[PDB]
């Protein structure tokens, strides 16, 4: 029987590439999404056309709230309902916007940025572990630039740092259960689709390896390594996939 994976925020970009590569590797996938219903459903449809009943969709807001634990439990439950198992969890879903220190209220900013990047990964990790030849692991999507953060992105940065702490803490604690916990950390490496080419060029020019952004597929490559049998001794590790960007001084 085929293993199953949950990928949060899997409708687009890096999450989509991860879900696709897991599927191509033989995984059945839960495609979690928030707002991108059309994209998520069309992805699941494409994957199911490839192999019957190997993809399902699951909608959840991962903003922090008192119902977030239940939402995360339900995401994991959806994998068990659909496929009878859950082997891999990929914490990809993420809010990303500036929150300067000096329309959204600050409590909403906190809830979205810390919720998506840190608390939901924690609760999903809890639910994943509680519900557990096999090769069980979690991959957290981190950020290679966390020590050299984007100006005015404190809450985002705090969230990604907490995600590092979660990766380490969970690796330590879940090791007895055979659950490995690792991370993949892109740099400022695949720029937002809205951004102008000229603004994208400012970042690209800074990347030592090829003066270009990573493809979503290149990020997904590191995720599939970490979930694979080639990484069976690897836990608590975060792989930078940044083309040398974090090595470049101001």
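So that the term is clear: the rigid core is the largest set of C-alpha atoms that superpose within 1.5 Å between two forms. Numbering follows the first chain given and starts at 1.
Which of 209-217 and 180-188 strays further in 8 other deposited structures of this protein - Cα RMS after rigid core alignment: Greater root mean square C-alpha distance in 8 other deposited structures of this protein: 180-188.
More shifted region, core-based fit in 8 other deposited structures of this protein, 189-197 vs 47-55 by CA: Output: 189-197, the stretch lying farther off on average in 8 other deposited structures of this protein.
Residue 133: gap in at least one third of other compared structures: Per the records, residue 133 goes unmodelled in at least a third of the other entries.
Deposited but uncoordinated residues in the residue 108/residue 109 interval: Count of unmodelled residues in between: none.
Interval residue 102-residue 103, deposited residues with no coordinates in the entry (none, 1 to 3, 4 to 9, 10 or more): Some 4 to 9 residues are missing between them.
Entry-level comparison of average CA B-factors, 133-141 and 167-175, reporting the higher stretch: On average, C-alpha B-factors are higher across 133-141.
Between 44-52 and 206-214 (mean CA B-factor, as deposited), the higher: Mean B over CA atoms: larger for 44-52.
Selection from 222, 70, 190, 185 [criterion: highest C-alpha temperature factor in the record]: Max CA B-factor in the entry, restricted to 222, 70, 190, 185: 190.
Residue, from 93, 158, 86, 151, that the PDB entry assigns the highest Cα B-factor: If I rank 93, 158, 86, 151 by C-alpha B-factor, first place goes to 151.
Chain-relative CA temperature factor third for residue 29: Its C-alpha B-factor belongs to the middle third of this chain's values.
Chain thirds of CA B-factor: placement of residue 6: Residue 6: CA B-factor falls in the lowest third of its chain.
Chain thirds of CA B-factor: placement of residue 65: As the PDB entry reports it, the C-alpha B-factor of residue 65 lands in the middle third of its chain.
Third of chain Cα B-factors occupied by residue 79: For residue 79, the deposited C-alpha B-factor lands in the middle third.
Position of residue 248 among the chain's modelled residues by C-alpha B-factor, lowest, middle or highest third: Its C-alpha B-factor, which the entry lists for residue 248, ranks in the middle third among residues of this chain.
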